[PDB]
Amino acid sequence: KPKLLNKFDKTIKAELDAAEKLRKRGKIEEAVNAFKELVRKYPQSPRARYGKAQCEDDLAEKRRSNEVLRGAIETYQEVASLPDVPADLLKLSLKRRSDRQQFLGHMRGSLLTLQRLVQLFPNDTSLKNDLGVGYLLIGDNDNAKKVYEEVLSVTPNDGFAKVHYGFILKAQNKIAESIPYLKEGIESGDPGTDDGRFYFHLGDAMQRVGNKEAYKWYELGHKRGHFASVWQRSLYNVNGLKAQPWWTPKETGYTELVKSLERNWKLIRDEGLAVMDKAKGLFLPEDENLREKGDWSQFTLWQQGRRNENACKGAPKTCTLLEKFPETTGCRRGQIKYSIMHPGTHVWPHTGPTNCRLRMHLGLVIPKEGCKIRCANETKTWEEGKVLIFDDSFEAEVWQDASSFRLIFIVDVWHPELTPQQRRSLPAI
């Protein structure tokens, strides 16, 4: 299908094929030197340069080397610099370049590449969609929004642009407006729309507006393999881990940590109240659009398995106590934090990002009435000095209708069935 040979490259097709056959047979190192020889002999050949890049790309995979991949990324660029590069090959080379830049975390580099692609191919809608993904990946939702608004002005029924536009709207708390874009986008079945993120946020958006069809989309999300169940909708998972909303200390095996939290709960409370009284600013408002209403702030001691030294100056004895429990201080997919919630607060139904952690709540200051937490089909209350344990990859909902503040201590632990190797290898969240 693709036309990759310009006029000169057609005259050396026998040599180009021989080198490419070496690559397709898995003789990567022989293919590198073969294409390198062709680049030496024919330094302007775009197909030879692309062959070199692809071989370097394969060599990077074989060696699992970022340095080798950086070489490939530059060679993909060289292809586009050569004279008389066929359009198909130019597009293939810069698209792989961008993709590999994203793989290495060179998001700004990928963005420049994607911008160049859209400039070279102004009518390729899929490339504009890719540019929007580049913006999303660096957290630039405003520019991502403009990209998809441009796509939809020309191709209003582009499903990929709809789901991503809906995703952006919901992230901006434009809940009602996001529902038709997310729904119509998924229903389009266009490549890239069968993605758990869009089922996740469509159902959540619907729950927020009182649309009872929310769970028909969680069920379909479950049927298509995006959710372990309609209740447990995390998207960064290790399959097979025991899945239940509520855990006992003994079921977790972390009984020593629970004992230490409950035996020493008053010193944890007291350092939290001291920060409340003398270092309020260490409590930061919840910033994930999870509240319908109310006031909810958190004072974080560990995140992504990293101690916040300055925060621990505000709770030094608590940080010292917890240092003995790497099952939580080393949980790179959880946090250790105080959480204050005030009356008039309602947290929408939601799930966390991963099934790789379990969440402990230690009650510190609990009004006698008005505070409760639901996980899956079961609602519970906190007790001062007592630990609750739940899996927040299951849907949770929270209410605070007391007449004074509610303070808890949150301690995330690795899921107990995760191996030591998994605990070291899983990317942080």
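All residue numbers are counted from 1 along the displayed sequence.
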Of 268-276 vs 198-206, the stretch with the larger average CA B-factor in the entry is 198-206
So which stretch wins on mean C-alpha B-factor, 352-360 or 144-152? 144-152
Determine which member of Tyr76, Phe121, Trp302, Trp296 has the highest CA B-factor, using the values in the deposited entry. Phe121
Could you check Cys371, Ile389, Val365, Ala34 and tell me which one carries the biggest Cα B-factor in the deposited entry? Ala34
Relative to the other modelled residues of the same chain, rank the CA B-factor of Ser65 and answer lowest, middle or highest third. highest
Quick one: classify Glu20 as lowest, middle or highest third of the chain based on its Cα B-factor. highest
Quick check on the deposited entry: does the C-alpha B-factor of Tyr181 sit in the lowest, middle or highest third of its chain? middle
Divide the modelled residues of the chain into thirds by Cα B-factor and specify which third, lowest, middle or highest, holds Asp58. highest
Consider only the C-alpha atoms of the modelled residues in this chain, order them by B-factor as the entry records it, and name the third containing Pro46: lowest, middle or highest. middle
